[PDB]
Amino acid sequence: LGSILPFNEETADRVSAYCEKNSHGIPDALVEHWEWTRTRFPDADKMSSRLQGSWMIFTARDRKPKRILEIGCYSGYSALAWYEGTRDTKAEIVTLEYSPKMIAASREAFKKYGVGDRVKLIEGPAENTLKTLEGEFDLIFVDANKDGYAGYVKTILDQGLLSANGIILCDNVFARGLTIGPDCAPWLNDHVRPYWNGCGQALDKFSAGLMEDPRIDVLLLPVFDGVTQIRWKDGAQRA
Amino acid sequence: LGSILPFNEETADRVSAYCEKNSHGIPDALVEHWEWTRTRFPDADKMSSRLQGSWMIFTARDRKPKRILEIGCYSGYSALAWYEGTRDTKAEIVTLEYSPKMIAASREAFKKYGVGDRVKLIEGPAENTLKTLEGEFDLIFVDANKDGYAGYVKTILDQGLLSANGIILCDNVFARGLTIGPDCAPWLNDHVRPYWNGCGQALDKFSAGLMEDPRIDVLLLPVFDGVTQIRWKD
Ligand SMILES: C[S@@+](CC[C@H](N)C(=O)[O-])C[C@H]1O[C@@H](n2cnc3c(N)ncnc32)[C@H](O)[C@@H]1O
Ligand SMILES: C[S@@+](CC[C@H](N)C(=O)[O-])C[C@H]1O[C@@H](n2cnc3c(N)ncnc32)[C@H](O)[C@@H]1O
Ligand SMILES: [Mg+2]
């Protein structure tokens, strides 16, 4: 017997709303941006939920990372969440994006909310830009093209972009269920099914790939749309 | 926009198995303990899952808490998970339990597992023993009587049992879904429904009450059977 509660769609949404009601909310400015994004780019099926926003903020407040990297800025929603949760450390927040339209939206939003002091938007395909980064990050949020996750994590590990005390959080690992199997998301809108099916195939390869890497500890948590947590294994204790 | 994937029972179990397959497993000795518990005890449904085991070990390896407190030892599974995730720091692990049977079972398992005295089982009702504890804990795992979670957390916060950079993790806050509403767990067996429905009403009051406390940051995470994360506000 497993670790996941079975809910139908309606009930899952009610439990989601209950979580939002009984968790501290995201700031008003972030709600403003969230509603703006959803309206301006309708049914894109891309931005994180309000509760995920709360989770991001809580996580940064808790962990107090010195530097944050995220891959896949979109409209800047998660970037703003990381910003909110790191006001005390004034962490640098590096975010990568390739879409010209979403770059413009994110720059506009970053200017509106005055977060330019430590949010740095790096433009271009992350396959090109990620490897150009220097130093290390205490928290890395991977939330871009699902077919690219393996390549991104590989660069992150091989170039030491993940700090000794850090964590990588990879989003949407379940691909709505389709990472696990073709029959695991019967509720899914058929119009997005082939997209998520392709993502699931890549993410299944990704997930199996991580289990072969002796350098890291790995946990796939069944929360939201699946979140893989990655850290370096403990350093050598004795000579 | 929802934050929870809908799964039927069979599919949820399959996705659980997938997570287990693609997460580092718990140590063989802890697998052994888990199986032993499932075999020897009729009420072994009280014990955390294997995947929850990996999550506990990972969380401890990650955060490296120096002192861990858990409420609700049962057979010692989660205590041994915390133990395994803190071999590098030799973190102290304090675990509260009131059942005479499970106290004996846990001491036997701890002795057999070969843990040292950094694992401390404190016997008695937690309402009484929690108050006697001194110092602070970097990670607190609340996993005992659901009707008492509010009191436990209040005591923890009032007495400063939670360190400034610590986290409280409260388990099973959804009560299989019945915390949210009486119709949210149609798959539950009739004979356990009164138990979970009672827990659900208590946990709902608990969840609401946390939102009234100006001292803490609160996140109710929709993972496993619901995990409430609590920290001191900065
Ligand atoms: C799911 S959205 C991220 C949403 C955002 N992190 C949030 O929480 O609201 C994925 C983003 O990654 C971007 N993206 C996809 N492939 C990319 C690539 N190869 N390089 C850089 N960005 C990419 C997309 O344009 C999109 O904005
Ligand atoms: C859900 S089990 C804990 C399982 C364990 N943490 C694990 O992960 O395997 C709850 C335990 O709390 C104990 N318990 C219930 N009420 C208690 C109380 N008021 N004081 C101390 N222990 C209590 C029960 O005897 C039971 O062993
Ligand atoms: Mg830390």
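When reading the values below, keep in mind they use all heavy atoms of this one structure, side chains included, and skip hydrogens, waters and symmetry mates. Per chain, numbering begins at 1; letters A, B, ... match sequence-line order.
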Exercise. In this structure, are over 12 heavy atoms from other groups packed under 6.0 Å from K233(A) atom NZ?
Worked result: yes
For this session: Report, as yes or no, whether the 6.0 Å neighbourhood of atom CG on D28(B) holds more than 12 heavy atoms from other residues, nucleotides or ligands.
Result: no
Problem set entry | Rounded distance (nearest 0.5 Å) linking atom CD of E84(A) with atom CE of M56(A) | 11.5 Å
Exercise. Can you tell me how far the SG atom of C19(A) sits from the CD1 atom of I180(B), to the nearest 0.5 Å?
Worked result: 6.5 Å
Problem set entry | Atom pair OG1/CZ of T89(A) and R63(A) - distance to nearest 0.5 Å | 13.0 Å
For this session: Start with the C-alpha distance between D43(B) and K101(B), add both sets of side-chain angles, then the distance that settles salt bridge (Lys or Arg N to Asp or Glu O under 4.0 Å), and finish with yes or no.
Result: CA-CA 12 Å; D43(B) 61 348; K101(B) 187 208 300 167; 5.1 Å; no
Exercise. Is there side-chain contact between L5(B) and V15(B), with at least one heavy-atom pair below 4.5 Å?
Worked result: no
Exercise. Are the side chain of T86(B) and the backbone N or O of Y83(B) linked by a donor-acceptor pair below 3.5 Å?
Worked result: yes
Exercise. For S75(B) and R40(B), what are the C-alpha separation, side-chain angles and deciding distance, and is it a side-chain hydrogen bond (donor to acceptor under 3.5 Å, both in side chains)?
Worked result: CA-CA 10 Å; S75(B) 77; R40(B) 169 160 200 141; over 6 Å; no
Exercise. Less than 4.5 Å apart, any side-chain heavy atom of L221(A) and any of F224(B)?
Worked result: yes
Exercise. Is there a donor-acceptor contact under 3.5 Å linking the side chains of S3(B) and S49(A)?
Worked result: yes
Exercise. Counting only heavy atoms not in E10(B), do more than 12 fall under 6.0 Å of its CD?
Worked result: yes
Exercise. So, do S106(B) and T95(B) sit near enough that their side-chain heavy atoms are less than 4.5 Å apart?
Worked result: no
For this session: Using the test side-chain contact (heavy atoms from CB on, under 4.5 Å), find all partners of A12(B) that sit at least two apart in sequence or belong to another chain.
Result: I4(A), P6(A), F7(B)
Exercise. Going by heavy atoms in the side chains, are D13(A) and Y18(A) under 4.5 Å from each other?
Worked result: no
Exercise. What is the minimum heavy-atom distance between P65(A) and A60(A), and which atoms define it?
Worked result: CD-O, 3.4 Å
Exercise. Is a side-chain donor or acceptor of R61(B) paired with a backbone partner of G85(B) at a separation under 3.5 angstrom?
Worked result: no
For this session: Mind checking ring-ring contact (aromatic ring centres under 6.0 Å, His included) for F41(B) and listing every partner two or more places apart, or none if nothing turns up?
Result: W36(B)
Problem set entry | Residue pair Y77(B) / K46(B), side-chain heavy-atom distance below 4.5 Å | no
For this session: Enumerate the residue pairs fulfilling side chain to side chain donor-acceptor pair (under 3.5 Å) with a member in residues 216-234 of chain B, sequence neighbours excluded, ordered by first and then second residue.
Result: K64(A)-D234(B), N172(B)-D225(B), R176(B)-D225(B), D217(B)-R231(B), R231(B)-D234(B)
For this session: Assess whether salt bridge (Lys or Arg N to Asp or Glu O under 4.0 Å) is satisfied between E35(B) and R38(B), documenting all intermediate values.
Result: CA-CA 5 Å; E35(B) 305 284 21; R38(B) 269 200 336 172; 2.7 Å; yes
Exercise. With sequence neighbours left out, what residues match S163(B) under side-chain contact (heavy atoms from CB on, under 4.5 Å)?
Worked result: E136(B), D138(B)
Problem set entry | Sub-4.5 Å side-chain heavy-atom contact between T179(A) and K146(A) | no
For this session: Kindly say whether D204(A) contributes a backbone atom to a donor-acceptor pair with the side chain of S207(A) at under 3.5 angstrom?
Result: no
Exercise. Can you tell me how far CG of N22(A) sits from CG of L51(A), rounded to the nearest 0.5 angstrom?
Worked result: 10.5 Å
Exercise. Could you give all pairs that pass the salt bridge (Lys or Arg N to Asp or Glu O under 4.0 Å) test and reach residues 151-163 of chain B, with sequence neighbours left out?
Worked result: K154(B)-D158(B), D158(B)-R215(B)
Exercise. Do side-chain atoms of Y152(A) reach the backbone of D143(A) as a donor and acceptor pair under 3.5 angstrom?
Worked result: no
For this session: May I have all residue pairs that pass ring pair (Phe, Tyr, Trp, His ring centres under 6.0 Å) and include part of residues 87-121 of chain B, sequence neighbours excluded?
Result: none
Exercise. With a 4.5 Å heavy-atom cut-off, do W34(B) and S48(B) have their side chains touching?
Worked result: no
Exercise. Under a 4.5 Å cut-off applied to non-hydrogen side-chain atoms, are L169(A) and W55(A) in contact?
Worked result: yes
For this session: Please round to the nearest 0.5 Å and tell me the distance separating atom CZ of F137(B) and atom NZ of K66(B).
Result: 14.0 Å
Exercise. So, the side chain of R50(A) versus the backbone of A17(A): is there a donor-acceptor pair under 3.5 Å, distance only?
Worked result: no
Exercise. Could you state the interatomic distance from SG (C184(B)) to CG (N8(A)), rounded to the nearest 0.5 Å?
Worked result: 8.5 Å
Exercise. Does any N or O in the side chain of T37(B) come within less than 3.5 Å of the main-chain N or O of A44(B), such that one atom is a donor and the other an acceptor?
Worked result: no
